[PDB]
Every structure is written in structure tokens, then in C-alpha cells.
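Notes for the one structure printed next.
No lab work stands behind these numbers, since they all come straight from the coordinates. Cβ atoms come from the backbone with ideal geometry, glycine included; neighbour counts cover every protein chain shown.
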Amino acid sequence: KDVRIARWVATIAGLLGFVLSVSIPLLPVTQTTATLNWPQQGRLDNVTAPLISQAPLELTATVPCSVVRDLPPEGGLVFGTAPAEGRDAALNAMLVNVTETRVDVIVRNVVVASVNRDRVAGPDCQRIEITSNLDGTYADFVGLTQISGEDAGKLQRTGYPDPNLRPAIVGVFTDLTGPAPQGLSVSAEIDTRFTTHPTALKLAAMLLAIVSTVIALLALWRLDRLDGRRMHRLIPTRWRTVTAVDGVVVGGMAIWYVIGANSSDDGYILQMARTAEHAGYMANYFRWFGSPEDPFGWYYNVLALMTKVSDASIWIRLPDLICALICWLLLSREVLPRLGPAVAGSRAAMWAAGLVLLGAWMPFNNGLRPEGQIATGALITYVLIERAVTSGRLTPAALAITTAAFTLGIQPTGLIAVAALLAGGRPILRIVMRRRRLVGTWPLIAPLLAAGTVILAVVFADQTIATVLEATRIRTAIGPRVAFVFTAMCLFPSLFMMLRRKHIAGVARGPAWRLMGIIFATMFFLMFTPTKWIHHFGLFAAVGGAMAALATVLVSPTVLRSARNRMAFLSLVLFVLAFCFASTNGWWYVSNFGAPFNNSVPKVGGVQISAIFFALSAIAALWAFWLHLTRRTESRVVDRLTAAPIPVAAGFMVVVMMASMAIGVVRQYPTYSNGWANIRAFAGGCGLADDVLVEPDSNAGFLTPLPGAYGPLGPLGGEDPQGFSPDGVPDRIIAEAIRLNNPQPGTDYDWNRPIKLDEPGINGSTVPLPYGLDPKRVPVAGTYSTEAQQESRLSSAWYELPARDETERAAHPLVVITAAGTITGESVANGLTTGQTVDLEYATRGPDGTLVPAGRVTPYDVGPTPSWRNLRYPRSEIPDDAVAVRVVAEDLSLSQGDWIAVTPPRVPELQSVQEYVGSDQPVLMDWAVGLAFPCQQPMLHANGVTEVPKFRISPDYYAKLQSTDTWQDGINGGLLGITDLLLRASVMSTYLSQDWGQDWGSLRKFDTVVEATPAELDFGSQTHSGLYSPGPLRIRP
Ligand SMILES: CCCCCCCCCCCCCCCC(=O)OC[C@H](COP(=O)(O)OC[C@@H](O)CO)OC(=O)CCCCCCCCCCCCCCC
Ligand SMILES: CCCCCCCCCCCCCCCC(=O)OC[C@H](COP(=O)(O)OC[C@@H](O)CO)OC(=O)CCCCCCCCCCCCCCC
Ligand SMILES: [Ca+2]
Ligand SMILES: [Ca+2]
């Protein structure tokens, strides 16, 4: 017979799936082992090898005694794991130095083996053995002994047991030259516990597990088919017909996909995905020491396989569109009819569902973070559980358990899906205790275990359990957007109306209560979550639309035979809308450019709009009170107003968002907008790089001074300069920064530079200059003083503008003046910045062959005050009769903090970012700017080692200072330790093509402290047990 066959098959297949799937984590795996030796080509030349883990698994080194005899009297590095002139190299690295009397080994601010030099060069000493491993950091000087102290007579071994004392390796640097001596050699064993590939056994077990689970579910299907019920071959009318709500939702989703905003964590996911295939494992790439997101990481591998085609924004986030359409179909054609005949008979409920799904999908679930996919999985789970309860079969329950497992394996906030299994638990238990009689217990229970457990074969493919435990150890040791509450405003009324009246005429109790309990359970899980509650709201997009479709029926006049309650509900909706129109931080970093309200709350007329909604709420509530006092019923006006409040509210918010985005596009057309760039991607577009402009050499367009008799200030002051002095700038003023006395991460080389220069400029200046300006070609004038103050003027010489041509005039849209002080100028974030006057006065050549002025131009001064920053003067605001131009500066403030400093102007020689950086140079793109710079190549990493970057792109000042500098600091596991220790940064002069007051971000050039070349690593392989760990990593002292 076939029933007994299917029983046996189900049992054996499910048990095998459970066993093998539990065993996948503990099974062996092949790891590639890299190691690094510094003398490579038999010559003493420096070498770079930036480890992303900021420490090796072990280090050994051997140094003869003769090398000390070869250096000069003032020797230096015999070797070091970072350059001696680097930033905090003596705090983060190993250094073997010779200070003219002592041969010192300095591990991180710790002096191990400090020994005289006249002994090491003697005839007794032979070698120096240095070893840093988990057992400690020790150094032995063979042939010698301790002469002084309590340790006298015993060997010259010295050091400390501390596994957190292992150095940070970004190379092997020295000061020696020539051939290599016999014995000098280091050996670093790099940590590569994450980059692996499976054995044949593990792979075969995973494949057999998936096959057996499929076999078991097929056999359980053949067992569920024992009842005479069948699926009819015809499709129903609802899946065949099409409506207008379908068109509205689909069109809105498409238009928002192209034109609309994007989430905040996009570059995070994109850079992880792009670097995963070269690495060999999904790394976070910004934090936590190259540790993976592998326990919740398979969607990222889907994105990584997608990146092999293109990295555009219109392709990599197609899953959002797919999942949106799937949610809409499953919600309109499987969720609403099963709630009852009332729902799916009305149109208002369908409009409510569609519009709420739109409004919740818009700010959050358009991007790359998987919140919308989680919502889709939860909806699929609910649908399959309801189909199981209705049809009485157990296969959709198993498929729903599988879907819940995967939805949890996307992101830890997928536990919402599991809530469905907690709601539809007792029905499935009833089914199991009902079918236990006909067929036994194990044929049913085994496939469910196999379904729940098959996720371990996908989640632990390229990883083991020890790696995951280590990654969690690091993540726990180190630390860790319009408001929408349609969810709550729809959960409260449906809840109270299901509690008030027991049974509703034409509505199902079970499905509604299950949906409501799902939502309450996940809100419970989320209030315990340390992250802010409002950020995780895209999970309630589809289920929230379902609850809205339910709520629009439980408040209509067909059930609520009282007007006062409906007016109260209207007051509630309007109060909610006011609370959502007030609390809005804005949009995030590229959608907030052309939006109407960028630095305020909405304000039309003469007072904010939230006040108008609170006022409408007040009228509604007082009207309800009057209805209560007149004790009337069934007034036609209320039946006209309270026909459908929720769809009207949702449509209002939808139209608001779409209008904001379309206004941002039309107001900001030729330069960057999300929609314009995405439309441009089909034609070879590259995003913000196409619009952003940069000066390769920031001294290229300095204008020629006309002839004149001038003073010691030079041509810049001019014929009566008062209160301006060439060295009139404070000690430490730098480019786009403030130079706090205590340091910060991710800072340029200008911070730690000296105060004064060794050689003065043309005029008697000593001030450093920001953007690579050579003080032998660029004068300065400033008014800061310390003995007594005075009112200061400056009116420079007429600087001859270049020429009168059209192509040149098109390529040269600016005249720029570098200045530091409190200067007035327009902007976007904060317009009309009050302060002192630095203006650009232009001329028109008279008929006598002589000059005479016409007017002035006011700048666009974006950037931190009182930093060295570029002041922008467009050439569109200048008449084409212009031939000459001068600076006019006034200081009418006797306070010691209101000071001015200026340089001469320049018509820069610009070009785009894509024309200079290209798509082959490595770049350190922060986690905010990856979706606008897709064509740029990030700094990959493979086998523990990274690539030395040549550039760094970053967001605006406050975001760089508050978000990225702190996230990927070296103390927390980021990449800026490597760059701060190995490289020296310098900020560049960048502009945006037609928004001269917008702060798109910053571009920084990296230069090398010392000349060096990449390393030739040595490879091998080892097979592990699955539970193997070579001790813990270094994360903390
Ligand atoms: C990767 C994501 C794939 C999602 C699949 C969703 C398909 C939805 C649209 C299909 C068109 C159907 C037209 C049939 C028209 C039709 O006859 O309706 C098919 C059936 C309802 O059938 P009838 O209406 O004939 O049912 C009898 C009733 O009329 C009487 O009550 O609806 C379903 O069961 C749909 C749900 C399938 C869901 C299966 C999902 C299982 C795979 C899980 C994927 C996991 C994703 C992981 C997380 C991201
Ligand atoms: C009831 C059964 C339902 C179907 C269950 C899924 C079927 C199995 C398909 C994936 C097995 C993994 C691939 C083999 C594993 C293998 O042999 O290669 C393991 C491979 C090791 O490669 P290396 O470490 O050399 O490099 C990989 C790197 O290049 C990328 O990280 O790592 C991967 O590529 C990670 C796999 C990502 C997996 C992406 C797929 C995620 C599942 C998508 C389907 C989920 C929805 C299911 C609907 C219910
Ligand atoms: Ca791997
Ligand atoms: Ca002053």
C-alpha cells in the first residue's frame, strides 16, 4: 500500500533532515592560512600589509646583534609594525628603536626589554628573539644576562603576559638600506578564521538535508490528500479581475521606486555585498574587526550575486518592488476575504489597505534593509496558517514554519514572523491531535522539525558555530524617517470594538484576533529592543493595512449606530495626523536636498500646520460633546464626514510625500536628485559623482594683479590697508574643522602640524594653508590681534579677469576666495549667517581706458566657522561687461573673536569626481554615501589584508563628526585605525554643480608617510573540527 510507504518516507526523511541539519554547524571545514615574512626579495625594503582585524594570531621575530653595529650613533628602527612618524604608532604597534644609549622594544606604550647598547654590540650577545602570542609578549637577548636588580644572574628574558598586548600590523617598516643580513626575519600569522570553504562531507550533508526535507513535505502532502477534497482547476474571479486600487498602488510604488527617497543603511549593505565575493565571506566592512553578518546574512548574499551585473540603485533594490507587489496581491486576494464577507465587499477597506501599505512602505521599506521582506514573509506565514486551519491540512503549516525560519534568518527583527506560529498554535495542535488517530504521531511531527531546522544548512554554509560565537562576543563586548502610527490608531479601535461587542455581524473573530495578537506581540518584542521604536515600522506595512481594512468596517455607520463615537474617532485621527506632522526630522542626506522644508517644521500661512490639525481636532471633539448633550442620533452630515477617515488620511500623507519628492526634482533638475540620477543611470550615469566638481590642483587659476605701487602686504591690501597684518591668524586654524585640544578620530594631518612654518611666504607670513596652497605663491592677510583692537578695512587691487570667451565661461562657473573668520553668506542649512563683510566688487572699463566700479557680490559660505573655507562667488551674477574684480573686506567688531582672514581669488580649473577618481582606484566610502557613488571601487580585502586607499568620500560635517567618525573608529573595530596609522589625509576643494550652498560632503586625498609596496603572502590550508578556535581575538585592553 501507499499510505504505509508515505508514513515510512515521512518519518525517515524528517528525522534525517533534523539530524543532518543539526550536524551542519559542527562539521569540518577547510581554512586557508596566510603568513607574512618581511625580507621578501632578499632586500631591506618596506612593505605594506594592512590587517583588517588590527592584530595577528601570533608574531615571531629574530634580529641579530650586528645590525646595531651598522646604524649610525643616532640609530632608529630595526623593524616596526607601523611607521615611527605615524599617528599613535607607539600606542598601537611594536617598535624596536635605538636611542643612542638604549636598545628599546616598545610594544603599546609598554617598555619591554630596555637594554644598554654597548652590551648588545659586544661579543657575548648573539641574537634578539621577540615573540607575541596568547601566552604573552616576551623578548630574549641570547648570550646576555641581567646585571642589575633582583633578577641578577638569570637570563635577560623580559616581558608581560597579556593576550591583549598583541600589536597592530600595517606593514613592516625600518630605516636600514642595502642587502639583508643573515638572520633578520619577522613572521606574522594572520587571523583567517572567517575565510573558509566547506569539505565534501559538509556540502553533501547540506544537500542531502534539503533533499530529505523536500521528500518529507511531499510525502506529508500525499498523506493530507487522503480526504476526498481537491483543488478545482479553475481560477476564481478575484484573481482574474483587475481594479483601480491595483493601478493606484502599483503606479505609486513604481513612481516612488524611481523618484522616491531611500533608507539610511544603504551604503552599509552595498559595500558589504560588493566586497563579499572577493573576501570569501560576508564582512561588515566598517566595524567589529572583519566579523561577519553570517547568522543573519543570506539576503546579503543574494544582493552580492546581484552585484555581478550592476551596482545601480534601480537594480539592486528590485526585491523591494517584487515584495511590494507580492504583499499587495496576497493582501487584496487572500487576507481580506478570509476576514469576512463585510470586508472584501466594501471598497473603503481595500482603499484603506492599499493606502496604508503605501504610506508605511514609503519612508522605510524603499532601500536595502530587509524590513519589507520581513513583512512579506510574515504575511506569507499568516496566509499559509489560515489556509491550513481552513483546509484542515498540515503542509502549509510546515511551509509556514520554513518561511518563519528564513524571515528570522534575514534580520533579528524577523521574530514577528514567529509570532504568527504562536497565534496559530492551538489550531495546528488540534489538527495534529485529530490526524494522530488515522496516521501515527511521528509522520506529522518529523517534517515540522525538519522544516524548522533546515535553516541551519543555509545560515552556516560558509561558517561554523565557533565563528558565530566569536562574532557575537565582539558585538556584545563593543557597543552597538516620518513618524507613522496608523498601526496604533487602527489597533486601539478594532481592539476596543472586539472587546465591547462579542460578535460582529459579518466578521470573523479568529483571523482578526490572530492579526491583532501578532501586532501586539511584536510591539512587545520591540519595546524591549534598545533601538528606537519608530525606526522599526516597515514591519507593520501589510499587516497594518489589513488591520486598517478591518478598522474601517468596525467604525462605519453600518455597525456604530451613534455619531458621538464617530466624531471621537475623527478627533483621534486628526490628533494623530498633527502628531505625525510635527515630529518629522526630515529626510536623509540625499532626499532632503530640494525638499521644501529642509531646516524647519511645515509652515503655511502664518502658523504651522500641526496647529491647524489640533484645531480641527478641537472642533471635532467639541462637536462630539454637543452631540452627547443634545443626545441626537443619525445626522446626515456625520455620515458624509465619517464615511472613511483612514483612507483620506493615508491619501493625504501619500500625496504629501509624492509632492515633496516631485518638488525636490523639479526645483533641482540639472544637478543631483535621486529620480534624475536613476533615470540617468540607463544612459551611463554615475550619480552624485557626475554633478560634484573638484580641483585636482587648488592653485591653478590665481588671477594676475594689475600694476600698482603697493606696500608690505602686497597687491592684496592696496594703497591704504588698516588693521590687517600678514601673520594675523590664530595659532591652530585648519580646513573644515575646529581643532579641539583633545583629539578625535578620522582627522587630517593639519591637526598635529606645527603652529608656525620654518620659511615665510612672499609677504611676512607663517600661517599654514589648507588646500595644498604653496605659501611661496599665495599671500594672506588677516586682522586677529592680541594687544589692542581697531576697526579694519581692506580694498585690494583690480585683479584682471581672464578673458571673454564662451566655452571657458561655461567650464569656469566660479570665483573662489579661501577665508577664515566670521563671514556672512547665504547657505541652505542656515541662511543669512550674520557676521562681517567679505564681498567681491567687480568693474567695468570706462571710455578713458580706466577702471570704475559697478557693484558687489555676496558669497555662499558653507562650512564650519571659523575654519579655512571656500567662499563662492558665481559668474552668473556678474555682468559680461566685467573685466576686473577685487576683494572688499570690513571688520567693524572690537571683540577678540570676530576676526577675518582672506586670500586672493581664483577662477578654478575644475573637473568631475568620476573624471578624476575613476572606477579602478580604491576608495574608503563611508556607510552613508555608497548608493550615490556606485561606480567607485571600494577598498577590498582578502585573506585578512586590505588595499591601501587613495581617497575618502564622506558626508556632511555633522554626520561625519557624529555618525561615521565614531562608528568606524579603531577602538570599535573600524577601518580608520589603518588609515590613521599608515596614511596622512588632506581635504580637497569640492563643489556642487548648481547648489553652491549645499554641503554634499567631503573628499580627502591620502598620502603615504613612507614609500612602500604591497606584500607577497605565504599560503597554506588546514582542516578544522567545526568547534575549533585558536584562542580569542584582540578587541580591548
Ligand atoms: C520568493 C517569494 C515567492 C512568494 C510567492 C507568492 C506567490 C503569490 C502569487 C501567486 C499567483 C497565484 C495565482 C493562483 C490563483 C489561485 O487559484 O489561488 C491559489 C490559492 C487560492 O486558491 P483558490 O482561491 O482556488 O482556493 C480555493 C478557494 O477559492 C476556496 O476557499 O492561493 C494561494 O494559496 C496563494 C498563496 C501561495 C503562497 C505560496 C508561498 C510558498 C512559498 C514561500 C516563498 C518563501 C519566501 C521566503 C521569504 C521571502
Ligand atoms: C523546503 C526547501 C526550501 C528550499 C530551501 C533552500 C534551497 C537551498 C538553496 C541554498 C543552499 C545554499 C547554497 C549552497 C552553499 C554552497 O555550497 O556554497 C557555500 C558558499 C561558499 O563559498 P565561498 O566561501 O567560496 O564564497 C562565497 C562567497 O563568494 C560569497 O559569500 O557560500 C555561499 O555562496 C553562501 C550561500 C548563500 C546562499 C544564498 C541562498 C540563500 C537561500 C535562498 C532561498 C531561500 C528561500 C527558500 C524558500 C523557502
Ligand atoms: Ca568562505
Ligand atoms: Ca575684530
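A few notes on this one:
- Ordering 280-293, 933-946, 706-719 by mean Cβ neighbour count within 10 Å, with the highest value first, yields 280-293, 933-946, 706-719.
- CD proxy at 222 nm, helix term only [per DSSP H run n ≥ 4: -39500 (n - 2.57); per residue of the chain; nearest 500]: -11000 deg cm²/dmol
- Segments 495-506, 252-263 sorted - mean Cβ within 10 Å per residue, highest first: 252-263, 495-506
- DSSP-defined antiparallel bridges as percent of all bridges, the chain, nearest 5: 90 percent
- Tail beyond 11 Å, pair distance distribution of region 555-600 (Cα, percent): 72 percent
- Projected-area mean, region 851-1000, by convex hull of Cα positions, square nanometres: 12.8 nm²
- With a cut-off of 12 Å between beta carbons, the residues surrounding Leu814 carry a summed charge of +1, where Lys and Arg count +1 and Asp and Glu -1.
- From largest to smallest, the equivalent ellipsoid semi-axes obtained for region 888-942 from the alpha-carbon gyration tensor read 41, 17, 9 Å.
- Relative contact order, percent, region 577-664 [alpha-carbon distance under 8 Å, six or more residues apart]: 44 percent
- For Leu773, net neighbour charge (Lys/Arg +1, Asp/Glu -1) across residues whose Cβ lies under 13 Å away: -1
- Cα gyration tensor category, rounded, prolate or oblate, for region 462-597 with a/c compared to 1.5: oblate
- Using only alpha carbons, region 391-476 has a radius of gyration to Kirkwood radius ratio (Rg to Rh) of 1.08.
- Taking θ as phi - 60° and the Karplus parameters 6.51, -1.76 and 1.60, the scalar couplings of region 439-452 work out to 10, x, 8, 6, x, 8, 6, 6, x, 5, 4, 4, 5, x Hz in sequence order, x denoting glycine and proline.
- When both region 711-770 and region 84-109 are represented by their alpha-carbon centers, they are found 32 Å apart.
- Region 843-890: C-alpha gyration tensor shape, a/c 1.5 cut-off, then a/b vs b/c: prolate
- Which listed pairs, of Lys532/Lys950; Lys1/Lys202; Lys532/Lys960; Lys308/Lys532; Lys756/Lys1005, have C-alpha distances above 31 Å, in listed order: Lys532/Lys950; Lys1/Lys202; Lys308/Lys532
- All-pairs alpha carbon distance profile, the chain, 20 Å steps from 0, percent: 11, 32, 32, 19, 5, 0
- Proxy reagent accessibility, fewest Cβ within 10 Å first, across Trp328, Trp315: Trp315, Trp328
- Binned Cα-Cα distances of region 590-651, short to long, each 5 Å bin given as a whole percent: 4, 12, 14, 19, 16, 13, 8, 7, 4, 3, 1
- Under the convention that each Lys and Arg Cβ holds +1 and each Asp and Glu Cβ holds -1, the size of the dipole of region 938-1037 around its Cα centre is about 160 debye.
- Both radii come from the Cα set of region 504-551: Rg as radius of gyration, Rh as Kirkwood radius; their ratio Rg/Rh reads 1.06.
- Efficiency of FRET from Cβ geometry, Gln911 and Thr529, R₀ 51 Å, rounded to 0.05: 0.65
- Cross-link partners of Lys154 among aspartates and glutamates (Cα-Cα below 18 Å; sequence separation of 8 or more within a chain): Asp124, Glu129, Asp140
- Region 772-869: antiparallel DSSP beta bridges as a percent of all, rounded to 5: 75 percent
- Working note: Cα atoms of region 248-349, range along each principal axis, descending, whole Å: 56, 30, 22.
- Whole-number percent relative contact order across region 814-921, with pairs defined as alpha carbons under 8 Å at least 6 apart: 37 percent
- Ignoring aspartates and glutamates fewer than eight residues from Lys776 along the same chain, the ones with Cα atoms less than 13 angstrom from its Cα are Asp758, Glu759.
- For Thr837, net neighbour charge (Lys/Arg +1, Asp/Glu -1) across residues whose Cβ lies under 10 Å away: -2
- Normalised contact order of region 756-886, rounded percent, pairs of Cα under 8 Å and 6 or more residues apart: 25 percent
- Whole-number D in µm²/s for region 8-73 (Stokes-Einstein; Kirkwood sum over Cα pairs; 20 °C, 1.002 mPa s): 118 µm²/s
- Packing rank of 355-364, 889-898, where each peptide gets the mean count of other beta carbons within 10 Å, highest leading: 355-364, 889-898
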